[PDB]
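Report on one structure; see the data block that follows.
Each chain gets a letter, A, B and so on, in the order its sequence line appears, and its residues count up from 1. Both ligands and their constituent atoms are indexed starting at 1 by order of listing.
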Amino acid sequence: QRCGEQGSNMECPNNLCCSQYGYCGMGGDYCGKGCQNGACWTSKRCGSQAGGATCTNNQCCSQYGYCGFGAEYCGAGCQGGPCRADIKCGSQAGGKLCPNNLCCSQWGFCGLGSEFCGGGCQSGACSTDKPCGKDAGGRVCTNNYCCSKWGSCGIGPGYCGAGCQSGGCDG
Amino acid sequence: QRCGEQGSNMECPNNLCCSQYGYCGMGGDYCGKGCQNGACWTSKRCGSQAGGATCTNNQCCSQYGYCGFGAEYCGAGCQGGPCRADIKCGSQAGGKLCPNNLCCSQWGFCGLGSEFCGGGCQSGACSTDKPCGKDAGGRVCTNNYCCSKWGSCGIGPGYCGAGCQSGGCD
Ligand SMILES: CCCNC(=O)O[C@H]1O[C@H](CO)[C@@H](O)[C@H](O)[C@H]1NC(C)=O
Ligand SMILES: CCCNC(=O)O[C@H]1O[C@H](CO)[C@@H](O)[C@H](O)[C@H]1NC(C)=O
Ligand SMILES: CCCNC(=O)O[C@H]1O[C@H](CO)[C@@H](O)[C@H](O)[C@H]1NC(C)=O
Ligand SMILES: CCCNC(=O)O[C@H]1O[C@H](CO)[C@@H](O)[C@H](O)[C@H]1NC(C)=O
């Protein structure tokens, strides 16, 4: 039921607002004063206007640095999220990563889906399970993902916790 | 405090995958077998291929009824989510609601942000907070939102619980 700061930065389904207390719902007590994520009445700031912060809920960051959905947000000047313009990444784009864990396809475009995350995926949430660590020549994962004790890349206590080899380890 | 079925359908941030046990992460233990939401390695079904089920995580539903992002999903034939094509709604579209609580703006397009949700919003997550119920000539809320005892539309114990006047009351 908990969302936001009280719930590991989780997000409510269906664009429901996460209230100042960290519960999901709709209306003033959720989307008004203190809303943390979802369809907040005061849109969050993002991009160049907000020190490079990204939007939550896979929203688009507009040219003016507000998060939302629709042409004004995702169309021209969109700075982040699922922008209408194709988003370049990977070896085709100076090794740039995809935001929000999206997969960088073999062709250097950001998305999710087997075309992006399957054979040839360069970074992000690739489904292809490349070994890391001491039994894989010291290879580190992409995206600063944690290399687990068993030499697999991921995020979560099994990866970043005790026995983590590289990446965003706990300690 | 959990995602997915163990946490009232909560979603993880940043497309992290919700494991079978309701924990958010990345890698095979999360995105592999049992993945409930996020960037699951086996993409979910959606659209006309799956009973009109929508995608979770504001993903685009492709022409083929799979959830994801990028041109193949949001471009030609996109059935839902942040399609690249403008999405019609409201009185200009025969009363059609926007999916996933998106606001139907005055001009009859789906979106989120003050143009869509502010003055003139027809339905979905409008900020205009029009009064409902007894003190509002019996007006009921859009989207089956609950009308609270105080005369304001929403979803939550204070709206749908004791004193709920109309909509999807408990
Ligand atoms: C499309 C032009 C009219 N829209 C506008 O100025 O809204 C901008 O400024 C508004 C604040 O003055 C803010 O609420 C709104 O989110 C902002 N919108 C975007 C797309 O960034
Ligand atoms: C304000 C009148 C001029 N602007 C306009 O109609 O934009 C509306 O129509 C545009 C489609 O013509 C569409 O791309 C855009 O997202 C729509 N914006 C809203 C907030 O519904
Ligand atoms: C025969 C299929 C070729 N398809 C292709 O190269 O599309 C790539 O390039 C497109 C830009 O030309 C872009 O719109 C599209 O998302 C991209 N797709 C991926 C997975 O990166
Ligand atoms: C026939 C055109 C080529 N592309 C394709 O069918 O992949 C589609 O079918 C795949 C399953 O065969 C599935 O992995 C993938 O998510 C699907 N992609 C989209 C855009 O929905």
Side-chain angles (χ1 to χ4, degrees), chain A residues 39 43 59-60 62-64 66 68-78 82-93 96 98 102-128, chain B residues 31 35 39-50 53 55 59-93 96 98 102-128:
Chain A
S43 310
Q59 288 171 119
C60 286
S62 84
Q63 60 172 321
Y64 305 141
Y66 293 90
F69 281 125
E72 291 76 353
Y73 294 86
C74 301
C78 177
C83 293
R84 294 177 175 190
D86 287 338
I87 293 151
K88 293 186 213 197
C89 54
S91 56
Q92 300 81 352
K96 197 181 169 181
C98 293
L102 300 207
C103 296
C104 186
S105 81
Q106 66 183 312
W107 295 305
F109 293 97
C110 297
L112 286 179
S114 63
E115 304 89 339
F116 300 84
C117 296
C121 180
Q122 300 184 55
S123 55
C126 309
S127 63
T128 42
Chain B
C31 299
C35 181
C40 302
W41 294 349
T42 298
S43 299
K44 301 301 185 171
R45 313 311 306 271
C46 59
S48 62
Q49 290 87 351
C55 298
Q59 289 174 113
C60 290
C61 185
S62 84
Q63 62 176 319
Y64 303 125
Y66 294 80
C67 301
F69 283 123
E72 284 78 344
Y73 295 81
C74 304
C78 178
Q79 299 176 69
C83 300
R84 295 177 174 184
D86 297 329
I87 294 158
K88 282 189 200 287
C89 60
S91 63
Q92 293 96 339
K96 191 187 215 213
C98 297
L102 264 64
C103 295
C104 183
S105 69
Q106 167 191 139
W107 300 276
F109 294 95
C110 302
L112 282 181
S114 59
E115 305 91 340
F116 293 88
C117 294
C121 184
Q122 304 184 46
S123 59
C126 307
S127 66
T128 47

Query raised in the report: Which protein residues have a heavy atom under 4.0 Å from ligand 2?
Result: A:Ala71, A:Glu72, B:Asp86, B:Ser105, B:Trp107, B:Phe109, B:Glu115, B:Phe116
Requested in this report: Please examine the side chains of A:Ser91 and A:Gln122, heavy atoms only from C-beta on, and report whether any two atoms are closer than 4.5 Å.
Outcome: yes
Requested in this report: Decide yes or no for B:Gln79 and B:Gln49: does some side-chain heavy atom of the first lie under 4.5 Å from some side-chain heavy atom of the second?
Outcome: yes
**Report entry** Contacting atoms of ligand 4, where contact means under 4.0 angstrom from a heavy atom of B:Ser62
**Finding:** 19 (C), 20 (C), 21 (O)
Requested in this report: Check step by step if side chain to side chain donor-acceptor pair (under 3.5 Å) holds for A:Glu72 and A:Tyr64.
Outcome: CA-CA 10 Å; A:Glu72 291 76 353; A:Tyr64 305 141; over 6 Å; no
Query - Thiol sulfurs of A:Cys103 and A:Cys110 closer than 2.5 Å - result: no
Report task. Specify the closest pair of heavy atoms between A:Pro82 and A:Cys60, including all atoms of both residues, with the distance to one decimal. Result -> O-SG, 3.3 Å
Query raised in the report: When you take the SG atom of each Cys, B:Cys35 and B:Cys40, is the space between them under 2.5 Å?
Result: yes
